[PDB]
Amino acid sequence: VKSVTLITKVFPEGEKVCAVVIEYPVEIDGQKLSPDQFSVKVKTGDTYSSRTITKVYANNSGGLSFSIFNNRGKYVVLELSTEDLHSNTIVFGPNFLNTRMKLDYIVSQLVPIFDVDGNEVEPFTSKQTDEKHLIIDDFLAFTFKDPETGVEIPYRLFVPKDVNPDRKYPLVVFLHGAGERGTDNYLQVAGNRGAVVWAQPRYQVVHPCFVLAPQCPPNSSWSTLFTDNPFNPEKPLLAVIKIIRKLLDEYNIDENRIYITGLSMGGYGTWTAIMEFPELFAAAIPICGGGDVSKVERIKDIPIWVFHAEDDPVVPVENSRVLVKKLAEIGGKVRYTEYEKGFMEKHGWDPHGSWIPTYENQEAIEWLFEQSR
Amino acid sequence: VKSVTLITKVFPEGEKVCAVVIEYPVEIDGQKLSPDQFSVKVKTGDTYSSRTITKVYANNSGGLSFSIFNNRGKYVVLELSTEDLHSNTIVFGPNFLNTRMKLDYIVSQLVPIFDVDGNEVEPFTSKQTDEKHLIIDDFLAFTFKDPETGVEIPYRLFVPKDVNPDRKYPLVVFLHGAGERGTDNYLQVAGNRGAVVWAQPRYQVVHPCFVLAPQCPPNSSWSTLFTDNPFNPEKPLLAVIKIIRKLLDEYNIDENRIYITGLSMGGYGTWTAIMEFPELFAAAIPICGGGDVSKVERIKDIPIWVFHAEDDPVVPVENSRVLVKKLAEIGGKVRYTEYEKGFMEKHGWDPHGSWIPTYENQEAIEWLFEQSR
Amino acid sequence: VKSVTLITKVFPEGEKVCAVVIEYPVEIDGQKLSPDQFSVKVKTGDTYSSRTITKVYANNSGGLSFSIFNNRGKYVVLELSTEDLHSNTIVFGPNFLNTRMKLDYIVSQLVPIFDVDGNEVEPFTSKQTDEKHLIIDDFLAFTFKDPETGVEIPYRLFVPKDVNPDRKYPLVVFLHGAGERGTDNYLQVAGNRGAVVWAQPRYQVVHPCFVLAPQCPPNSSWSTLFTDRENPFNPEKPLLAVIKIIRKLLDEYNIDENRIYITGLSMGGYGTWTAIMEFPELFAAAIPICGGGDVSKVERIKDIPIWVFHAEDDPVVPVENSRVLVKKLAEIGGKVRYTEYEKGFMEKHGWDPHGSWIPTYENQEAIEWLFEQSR
Amino acid sequence: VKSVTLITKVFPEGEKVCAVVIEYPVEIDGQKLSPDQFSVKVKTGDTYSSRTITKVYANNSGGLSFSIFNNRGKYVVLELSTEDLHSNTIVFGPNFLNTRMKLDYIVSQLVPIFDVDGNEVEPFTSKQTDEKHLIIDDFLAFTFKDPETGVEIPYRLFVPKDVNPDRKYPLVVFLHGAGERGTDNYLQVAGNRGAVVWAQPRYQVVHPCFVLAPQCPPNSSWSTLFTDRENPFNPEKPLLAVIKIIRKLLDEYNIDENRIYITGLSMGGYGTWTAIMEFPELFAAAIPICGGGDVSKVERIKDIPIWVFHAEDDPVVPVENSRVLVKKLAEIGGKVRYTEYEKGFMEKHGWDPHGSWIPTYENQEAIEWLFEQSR
Amino acid sequence: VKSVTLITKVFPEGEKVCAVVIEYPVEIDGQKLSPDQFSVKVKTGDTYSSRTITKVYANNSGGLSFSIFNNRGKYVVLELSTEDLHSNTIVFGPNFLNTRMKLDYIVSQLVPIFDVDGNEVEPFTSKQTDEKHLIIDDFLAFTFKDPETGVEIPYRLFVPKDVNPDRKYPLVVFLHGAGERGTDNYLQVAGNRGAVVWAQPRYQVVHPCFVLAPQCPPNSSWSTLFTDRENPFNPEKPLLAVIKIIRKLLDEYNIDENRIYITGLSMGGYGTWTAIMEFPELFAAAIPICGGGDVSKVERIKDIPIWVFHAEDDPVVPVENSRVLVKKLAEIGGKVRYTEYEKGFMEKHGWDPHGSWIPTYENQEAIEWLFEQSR
């Protein structure tokens, strides 16, 4: 068997293994395939536990493309349940610091299966020969060192394809994630849909654009939140602005539509970037953060859509209310969606994670792309 | 008993029997009625199986109008569960060709029931004496023969009521449905809410309008999809344009607001009608189809809202993406709602059936009626 | 449709309607019948509730019989869940007096059905036209007028069938509990399996067998239980009458003076203890279920085989009532057995702990044991 | 991997695959094994379904034995739910003829596992390489050729072990039902616990014991049941042959002429009734389960202890068939017992009411009773 | 509130807290009480979990007694689900040594309640103030000092009540299993129904009865089981001591030398086998449950009635241990019975297969049988 390839996809909750794709040396008859023919298990961290296969099928493609008219062949896709316990690639160890386990899978075809010419294909068992990281393999990895010197900032950059080069396109800049701090240049783009949502074909076909997901080192934050008032720019945020300038230097990016959005720490981060560099950004979506209300007047002309859940037990909701109230009463350009108590838990999410429905809200995506300077 | 009348209503999934209405020769006390007093069963096709009665009540009306203040009399309504196995009137036999069984019901009042003057009304059992087809009996049946000659095209036409005649009103033209092909002049209007949604009082009170649901014969399609590139007009679509001209000839229809929408085969159909007759239509909603991207420039000024689910295993989603991407980058007037993988199955629908949420989306109805030339 | 007949049968917790039999104008093939073609409902008391039909079949007998081989005939049997709420015929009224519901059913064939001839019998709906009381209908009804005391006592008696007139057979006499008191001559045979078990074919065919089941009248009781707060151990008129009727039976029938057994529950349990103690000469063996006791008198019963039953947690009749008789019986040289149902045993099996007669009449060992007794 | 062995065992409703034993090249610690490390599947008939693995453990025996103390060895046992749909080895074909499925399994170790040495045996997948028939493999296979009639009769015989050659022991002869007819010499010992119960260690160790289990051939039957519609009570060739083989056994073995017991079910129940009535001199005691009867002949069997079993609602063999023999037996002076399973009792326990042999062979009282009989 | 008393009772799997009784300052009507007015909780070990209250009622006794008739008094009984996780008093520690939890409860009346006087007792909350050990509190505690060997042996002895001093009565001696070893004199009477069943009123009233339940000390065991890897069949000091104490009892009490019965499980099963084989003259009958054997010695026990019990799949004590003694007993002329619980039987009933003492002490046949034995 040529390979068995784990597929990962970023789900509102974070990155998960959603499929295994097995490459056969012959052409499998999908019609006759079924979940009970295979097993897929995940190592954590010393025993394996089962993954629920929900669907099976086939193609000469080898991503997750199902077609009823030819269910075949070389490639067999086993879909996995995203509700499985160990579906997540990221484990939230006991700080504001998550990590991404190396992926450890064993896969077996359990019984013989029929190929297109009606042979049997014999059982096999195998560890994976691959990962493939969906929409997260299309973000370029880069490093930027703040010279003079010298905080290094890994970042991920999505460049649109294939999109006439004598035109300029928006930049969406994203800020994770206390949990997503680190040095690996992956967490920031995998913790949630913050960076990746903008890169989905559904939105790219209609708002082609760049996305920037920089990564804050451990023990630092975007604002002086974790380094002590928590509202001033900290050197990682400082460095991001410079990365933005480099990107406009290097790429056909529309200076009139640089958008910024961020989450929790990256919430503070968003308010802070707009309040310190207010000529730079065309619009903002700060999610469950705070910022300096004495400085709201600087940003009265930036369209902003604020999000926060009422029952956020990590970042008090009042941190959004206060900015929203001041912004609005001074002539504004502000929206505000304050998720009701119980809403989040009703949808199976920690009430801090208000970024989940926010990035799943097509009204807000569309809104952002209507902004300009 | 004067009659027992099956009521049908078109549900997003298609037409179903949702009630039985029994006409008594005296006036029944609804207060005292209950589901366990009756039985309703459906013949398929050689045994009968039970229908779940969910609610009972009464009136001098005899559609499904429940009133708590007088629960009486002549008329007894038994509501049926739309989740029942054999609730659908249409069976999807093994092609791209569905059919509508003749309706075969037996109904019994099981125990004596009380009338308003406190008599008993004795048990009875009966086959149905009637169908009544809701909002599907308000579409006129007509035939059009393409003279010269001679493909005949049955069609259904909803004419608004009662709406000052010295004014012009929009035409909504709908295209089913590979499955809904046939000759009966019913399938097209019963397969799903494609034609009927526009005719609902909720929308008619505020956007009075005509609707046209023509029917494509078997073995043909709207575009050269099923007759072989699948993007050119096939003679049934050709004939529809002529039916549209006849209708403007015959009816006070606003030439500036002829809207077109369609589904799958009728998806291709929609793109095709706009790309070949671009002066004719004011807006379009193509659902899960494709069309010719070399011809997108002709339609750059037609407002279009495209719909497709990501995991459509019949019509690849890329068929919408490609048109959307080209349309947008050339100056557009295009929306796009690409339902996420898992969305459809989460709501109990085959992921091909993206027309179901689309016609259930009040934003899209309203949108269409804001268009004009 | 010729008739619709309610089939009742006495189950451990009393008599329930277990089947409905419809006599069709022609025969019918049951192979093609199915539960969802019919409906069965009870009234209670001004609405109906459904009986759940668990199997449909056909025979030519009219009872419950079914062979895979010939599932056909003019009779269609609809069997009903015995676990249905409204299956019991007897509503337990207060305080200690039960009443049987006049039975009230409507039945439907809902869809056409195939016949042997055929091919279609049309839907019908109907009240019932007949009860059939399976096993209760083999007990002849009689009334006895006690010529010494006026008291009238209705009774039901089972006479064995196809038995040699030249041999003699045992008599089982059953005394019912308070709740079965009445004047209808039905209750005491339908409230539990107390009379009827002895009359089941499974037992009759190995131990043919008369059964006398007397009814005691609503404002007395077998012993001075309900007719005195001093010592409810003395024989009351109804019990005394029962004796005279045992003697009528002996005169009228080929009954074996040496094997007149006696059992009863609760008020009938006191009844049983009182009977054997006041007439030690009469009975071969006794099964007193939840009753009570003249302890001063166990010496007269020293030689009668007795198997006592009671539940530890009986909240109506303290278990100590059986324990005391058994203790004394035992220490005096006995011929006594005693099964005392553990706390919780009854509710575990879904039974009020007072109803200890329920597992007892279901005990094959107990039945067999009674029959190996004699004088 | 040295072998993968299917363990079958005869359960009350017939023979099921209950375990899969894998012989590994080294020993293994079961302390560290768990059900989710393996997979077990049957074919039927061109797909597989899973057997549910309920416990994993190791021994050095190769059978089902497990001690908490040393959960280790080259053998790994995967125990399987006996409630799985595809556990039975025997598919009930029509009309009255069952067939055993050639067995078809694939087994997997899915993840690496720790060994004693060690530390890793890699995943493998495999068809089985062996059946082991637990208890059916102690019955020697023989065929007898009846020299008077040509008929060939395959039979299985259990010979006791570690028993004194100088004493003599009982013979239990089992006659199987219609469905077990055939020519394979396996069916009649695997279809139910009829032969094998007598051969279980729990009983052998208190009542050592030969068991003869003859097979009757697909187009006849023990009595003139299936070979005549006039009176299916006469001995047919297969039964007659069985007698001759009892005599061979007596000649060849230290069997006690005074304790040749006989039981069978259904066609074997008729068989049993016919055998004892036509050869009253031969058998010490009989257990005929759902069979039928020459009533004219019970006088010859007057002195044979007999315990009849039947279910009231048997839809294949009317219960009246047992009732009639029992009634007569009883009134003539007997030595007859009779347990008749109440309507519903069988389905309550999940059993077709015809299979009354199932609770019967599970009755310790019945087994014990047979062994206290003799001439 | 006068007191809150924990009611414990010995259930087949050991002693559980089954009720909580509250003594109120006045009487109370239980007719008006309901489970949701109270709360009951255990500690374990630094949190509490709820006991589920299944019924509330009142009496004037203080124990579990309830009559429908007078549901009233100063005592309020809260009955608790015996299926609750934290109901057992005994935590099974390692390796083979169990310990009883000091008991730790808090109880609440949550809402006001109506009294007889009345009309309101206010909410209260409280630790318990009392245990009451139902049946374990009828066994007097004693210690014996073996004057030949120093060994001290605690024991519990049940003396019958209201019994004639002039007659003599049986002695049942129970030897507990490894886990009940200790020095507390409680374990061996609370770990299972081994001692206490004989002491239940249901049995006492038909077979009055002493029960001796000795405790063996944590680092030995009745036979040379845990004190030698050569042959664990010899009498160890603790067993020897037990004998001397049987003799003390005979001296001190009206015990019948002809009916000293003996039973024990596991380590107590070995104990039982060893006892009767080394002192054949002493015991009338034995029930050894999952134990093991000096096979060379069964000839001395040839005449002792013995009913052995073991489960086929016991993973601690191989069933072959019972099979071997039974086989020999049988072939030598016996007086031996043997019930061997089938594989799966135990787990089906929710029991570890080693605990075969659980169904055994629940077997009325076994109990009755022991009592018909004598010399």
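Numbered from 1 within each chain, the chains take letters A, B, ... in sequence-line order. Atoms considered below: every heavy atom in the structure, side chains included; atoms not considered: hydrogens, waters and symmetry mates.
The part of C:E362 that comes within reach of chain D is its side chain, from C-beta onward, which places non-hydrogen atoms under 4.5 angstrom from that chain. In this structure, chain C has no heavy atom under 4.5 Å from any part of D:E320. The contact between D:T339 and chain C is made by backbone and side chain atoms together, counting heavy-atom distances below 4.5 Å.
For the set C:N164, C:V163, C:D162, the entry with the most heavy-atom pairs within less than 4.5 Å of chain D is C:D162. Most heavy-atom pairs under 4.5 Å with chain C, from the set D:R323, D:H310, D:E312, D:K328: that is D:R323.
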>> Run D:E365 and C:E365 through side-chain contact (heavy atoms from CB on, under 4.5 Å) and show every step you take.
In response: CA-CA 11 Å; D:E365 231 226 292; C:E365 231 226 292; 5.7 Å; no
>> C:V205 vs D:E340, test: side-chain contact (heavy atoms from CB on, under 4.5 Å). Steps then yes/no.
In response: CA-CA 11 Å; C:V205 94; D:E340 182 187 304; over 6 Å; no
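For a heavy-atom cut-off of 4.5 Å, chain D lies close to C:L64, C:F66, C:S67, C:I68, C:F69 in residues 61-72 of chain C. Of residues 264-272 of chain D, not one residue has a non-hydrogen atom less than 4.5 Å from any non-hydrogen atom of chain C. Chain D is approached within less than 4.5 Å, heavy atom to heavy atom, by C:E79 from residues 74-86 of chain C, ordered by number.
No more than 12 heavy atoms of other residues, nucleotides or ligands shown are found within 6.0 angstrom of NZ on C:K32. Residue C:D137 qualifies as enclosed at atom CG: its count of foreign heavy atoms under 6.0 Å is above 12. For C:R167, the CZ atom is densely surrounded, since the number of other residues' heavy atoms within 6.0 Å is greater than 12.
Contacts of D:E13 classified as side chain to side chain donor-acceptor pair (under 3.5 Å), with partners at least two apart in sequence or in another chain: none.
Ion pairing between C:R193 and D:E342 holds under the 4.0 Å rule for side-chain N and carboxylate O.
To the nearest 0.5 Å, the span separating CD on C:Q364 from OH on D:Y338 amounts to 10.5 Å.
Closest approach of D:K327 to C:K161, counting heavy atoms only: NZ-O, 3.6 Å.
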